[PDB]
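Quick heads-up: it's one chain on its own, the form deposited in one PDB entry, in structure tokens.
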């Protein structure tokens, strides 16, 4: 039972992102052939995390997302024993060596405001920095400190809106939007 959205995902994102997304879904027990909207969302989040880590200086960001659970926890252990940063309750997506904080990247189809709240009660880890992006182009970050400069965030926002368009021209957006 192969969907249009599954085939759109595979052509839309690059093969390394797709395969990491597949690994992640199967690891948590989900099927990208069936949970296709989730498939699309994991790839999007992954790509955003990668573009984010690319926006800084060379060795600025450690990438936690996209790794298998054990190795992701391993590097945060090491980050924590190297920095004395508090061990987060849940896996963050990045670590910032310049500002010395873990980052949780959010990608939402609803209001920046609502999702940001859900993400802060969900972690309660006072330490980790939160950065939300939406498919319509808005962002909110902890303490209004958006970490990267403006052109890097704008690149991410542009790609998000392109994903939205390519979906909509395939009549796939409405189903994707009401899935979250």
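Numbering follows the first chain given and starts at 1.
The same protein also has a form deposited with a small molecule bound, omitted here; what follows describes it.
When the small molecule is considered in the entry with it bound, residue 167 lies well away from it, no heavy atom lying within 4.5 Å. Residue 54 belongs to the set of residues with a heavy atom inside 4.5 Å of the small molecule in the entry with it bound. Contact annotation for residue 34: none of its heavy atoms lies within 4.5 Å of the small molecule in the entry with it bound. Taking the partner from the other structure, the small molecule in the entry with it bound has a heavy atom within 4.5 Å of a heavy atom of residue 63.
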